[PDB]
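Take a look at this one chain, the form deposited in one PDB entry, written out in structure tokens.
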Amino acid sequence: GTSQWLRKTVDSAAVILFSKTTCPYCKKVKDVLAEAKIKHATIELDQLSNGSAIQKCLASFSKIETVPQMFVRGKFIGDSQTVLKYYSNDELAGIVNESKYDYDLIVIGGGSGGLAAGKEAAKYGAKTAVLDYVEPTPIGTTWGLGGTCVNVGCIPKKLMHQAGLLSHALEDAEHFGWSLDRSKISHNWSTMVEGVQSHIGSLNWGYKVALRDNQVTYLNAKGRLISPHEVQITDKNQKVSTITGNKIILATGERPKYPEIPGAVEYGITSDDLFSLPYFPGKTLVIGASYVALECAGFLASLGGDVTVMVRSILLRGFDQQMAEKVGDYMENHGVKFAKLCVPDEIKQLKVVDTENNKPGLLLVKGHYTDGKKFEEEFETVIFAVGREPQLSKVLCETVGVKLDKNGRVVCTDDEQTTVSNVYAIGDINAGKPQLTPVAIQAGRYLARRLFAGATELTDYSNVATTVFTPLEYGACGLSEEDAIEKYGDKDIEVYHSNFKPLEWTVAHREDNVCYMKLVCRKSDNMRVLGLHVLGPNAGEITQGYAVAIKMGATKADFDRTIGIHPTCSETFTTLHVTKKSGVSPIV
């Protein structure tokens, strides 16, 4: 067992040090490499029960069995004696840097997973190179280091969500005694975008510098994979180059799909454009039903905008449809108009964008309904939230032969390994993995540890909790009710559910029976909580804690035994009693 583990580890590590805490020579060397500013991976043999047979199995690599044993890229370099010998002449900084390639690792793409990976690898020695190029949107939009989430994703999305939530905090303030007129108050999109952009702006820098502070060579270059070890980089002005790499990680992410219809690319905008947009979108049509679509439709509405969402079939496909229904309903009951069962045929420009005045154009959206009826309306802005796609034909020469799936995504074994043994893929592009930022970060960190630090641990992609950040938030962990029903059958699935009202809402004279949560369990299995769902404020803060207990395989009995914190939204989980089969109402 250990024979194969050790065979892969030393071969792939850049700067590694086998050691004991119990061996004095081993700790003395750690002191030296520290004041020599050498980053190395430390395997501690006294803290492992696979280790009993390592010193004996290091005879095949260096013909010795004493600790410490420092390796550099598969080949041995020396123990306490040879390390100090190489130190007292400045020769250590020259020996560690010795490399078969330009870099131990090249990371193509500087987004959530990309950056996370490069930063970790560098910690254990790897001379790392992270490449990031942002390709302009049709209309011309670009941004700094950080990837999707930082620049055009979670960060702006949630700050804008926040601006939107505060719209109703202002309303509620009045009921709680605060003497302010909500009617007289308005929102300045422009002010808000400055705020948001300024934060993103400082995040771009944070990263840029973070890589510097980690001996990670950051290049603002478009990377192309020409051969299993060679990456072709293009700079800000066409100077083509070819750095070599030992390990390759593909972390290039996705971009927003445009529907294949006239006028779309020319007059329509994606989420890429929305977050840095100079002027308030105005009367807006969102075309799509992804969490991206409803999130954006949701915060534009809250900022006093005229918002329509065009929906071809169902909202939030993949998500639990009872909950998606309740999400959509909340939004409809609050001004988001829906064009149900409807597609766009074309987008025609009625009016151009006024820059000198900072105001949107007018656009005409021609489309049809399912029953063939026409659709025709004028919108100031058209936003296209119809899925995202990886564009790896910009990154991969087919002649390297990295296998892509039915829809253009890197097919990987469970170690994020591609069909090409030194090439790896993480994040949004790794087929079948949930497409979320902590998922990519985790995937990346755990991969760096396996490659350049001899770790075993794999990234667990199951029961990864999510939050859709709509006007009323939706938090989820585990299977949707319908999925749970297909897996272990209807008679096996019990659903304990309930409506609830945040105490903050009572005085504020908001809805009863609109906030809602449910637990989806499997009775044959002790009533195992397969799935947790909640619609209400701070849904993500609510959900996060249970994602742990679910990972650990919680049952309904666990939830019951746990005591509530009062007054909170989240507690209502701890005292759930009404099941769906009983037909009893879940209202208060």
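Numbering starts at 1 and runs along the sequence shown. Superpose the two forms; the largest set of C-alphas matching within 1.5 Å is the rigid core.
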Stretch with higher mean Cα temperature factor, 287-295 vs 444-452, is 444-452
Stretch with higher mean Cα temperature factor, 479-487 vs 395-403, is 395-403
Note to self: of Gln321, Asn358, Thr466, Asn513, the C-alpha temperature factor tops out at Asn358
Per the deposited B-factor column, the C-alpha that peaks among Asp460, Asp306, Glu91, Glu346 belongs to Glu91
Entry-reported C-alpha B-factor of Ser62 relative to its chain, by third, is highest
By the entry's values, the third containing the CA B factor of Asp525 is the middle
Quick tally, chain-level thirds of C-alpha B-factors: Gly74 sits in the highest
Tertile call for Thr562 (CA temperature factor, within chain, third-based) is the middle
Assert third(CA B-factor, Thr22) within chain per record equals highest
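Same protein, other form: the form deposited in another entry, not shown, and the subject of what follows.
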Only one of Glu486, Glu91, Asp460, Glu260 shifts its Cα by 2 Å or more between the shown form and the other one once the rigid core is superposed, namely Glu91
- prompt: Taking the rigid core as reference, does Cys397 move its C-alpha 2 Å or further between the shown form and the other one?
  reply: yes
Against the displayed form, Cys397 vs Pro434 by Cα, in the other entry, with 3 angstroms or more change: pair is closer
